[PDB]
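Form deposited in one PDB entry, single chain, as structure tokens, below.
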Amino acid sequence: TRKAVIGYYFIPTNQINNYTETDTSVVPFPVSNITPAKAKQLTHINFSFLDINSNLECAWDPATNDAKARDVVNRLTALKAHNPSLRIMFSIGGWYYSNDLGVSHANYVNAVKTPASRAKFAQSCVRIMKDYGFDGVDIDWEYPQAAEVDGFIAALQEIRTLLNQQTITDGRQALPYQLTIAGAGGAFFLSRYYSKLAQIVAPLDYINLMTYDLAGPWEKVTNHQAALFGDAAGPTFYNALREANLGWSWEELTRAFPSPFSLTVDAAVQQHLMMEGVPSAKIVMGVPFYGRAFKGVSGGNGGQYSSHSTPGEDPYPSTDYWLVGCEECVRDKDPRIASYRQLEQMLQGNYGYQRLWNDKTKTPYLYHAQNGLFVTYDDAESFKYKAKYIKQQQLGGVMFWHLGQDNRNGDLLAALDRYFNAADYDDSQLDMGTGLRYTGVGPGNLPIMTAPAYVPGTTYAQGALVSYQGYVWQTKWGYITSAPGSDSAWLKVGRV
């Protein structure tokens, strides 16, 4: 099965209301830049962002010029002429609109509260999809909290029901309408709904993990924002998942969630696979097409794992654009983020940057020794390892934020497509390194094992293994006189 390649196309309301394909000053990345070749390398384009209004319905930004909006969307859907597998999805949410303190947060909370609120919300998602010509719905609520999860789940189910009916009604069996969500790519936010991952994922074609922003100025120690594997020399974090409402035992929690642990792309993917009912084929790995920059770093590790003096607040609470060479940072008034396109130019401009490589995390980074700058980002090389991991772990594919950040030749997207589909690319010898892998074991990723069948009447010593009801179990202490599943002394450690 072809791996999914999901790229966000983000466009601000002001750029839509002023849409142009001839003036990068107003619209830096017009649809016209997605050439036929890029169109064939993508399987999905997530148009972003729409929101949920006080009427509790899916809707565009109130200031959007609907006529200009329709025209932008029509240019995207026209790209399907170049690739019959392409879907132009639309995304509702995003950090700005849906975070706890975001402008429209109450609407997300409220929209999923009742059967009637959900019905109306779901119906609006499909009407918007049909009216503008989209091929599916992606929800990016960052993020529902424990008490809102059941409602969120019911809303996704409602949408799934309506989309499946629409697919039949429109004769889209060949390219069914889809439903996806952008999911947390780190344990802190993931712990919000982790206990009910199976229910959340059931109605989706894909859960796109935002496995990036795993480091940033809000953290005290500089770090890679999307390390594939862990580096013992880098910071470690509290494993928030051991506090999710799983209802598991101490041994179960401890073996699934070692803490502290390395916040990596591999950790997030494995944490999802540990849950029963979360198929690997639905898990999509997100990657960033931008880097995060820090100032005030020390030496000795090329800028890595250093204290820094970068403001973590948003918006950027200053006017000092200190990321040397970053012209884009000036137009966007923030030196803490830089598109791969801009980073590539910075590197070729003799601005004092050195490109270093961390072979544990399998990610690149820039170090500016003169000014004390550090930049964590991804490139075509880090993408070789991530693509090989996606194939080995049998994941659904890759997702990225965002298309306007790739260079002019579209190298990052082309690389991803190459790694999955080129007949002449062979990564069989690609060395995945010795970086730290996440080793938790949960219900959904237990090893296959064998053991004598449990025998009613037998007394078992500590450490004894038996098979019962399809699993292999082990005793936590001795003189166990009752069966696995009835006597708490047993720990499920293997399957089949």
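Position 1 is the first residue in the sequence shown; the rest follow in order.
- The mean Cα B-factor in the deposited entry runs higher for 21-29 than for the other of 8-16 and 21-29.
- Averaged over their C-alpha atoms, the temperature factors of 340-348 and 202-210 are higher for 340-348.
- For the set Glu381, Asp417, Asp332, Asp426, the PDB entry puts the maximum C-alpha B factor at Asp332.
- The PDB entry gives the largest Cα B-factor of the residues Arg172, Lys282, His368, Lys391 to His368.
- Residue-level temperature factors show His44 in the lowest third of its chain, judged at the C-alpha atom.
- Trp248 sits in the middle third of its chain by CA B factor, as recorded in the PDB entry.
- The PDB entry assigns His402 a C-alpha temperature factor belonging to the lowest third of its chain's modelled residues.
- Placement of the Cα temperature factor of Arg2 within the chain: middle third of the modelled residues, per the deposited record.
- In the deposited entry, the Cα temperature factor of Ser298 places it in the highest third of its chain's modelled residues.
The protein also exists as the form deposited in another entry; that form is not presented, and the subsequent description refers to it.
- Of the listed residues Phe257, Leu42, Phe134, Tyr290, the one positioned at a hinge between rigid parts between this form and the one not shown is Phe257; the rest lie more than 12 positions from any hinge.
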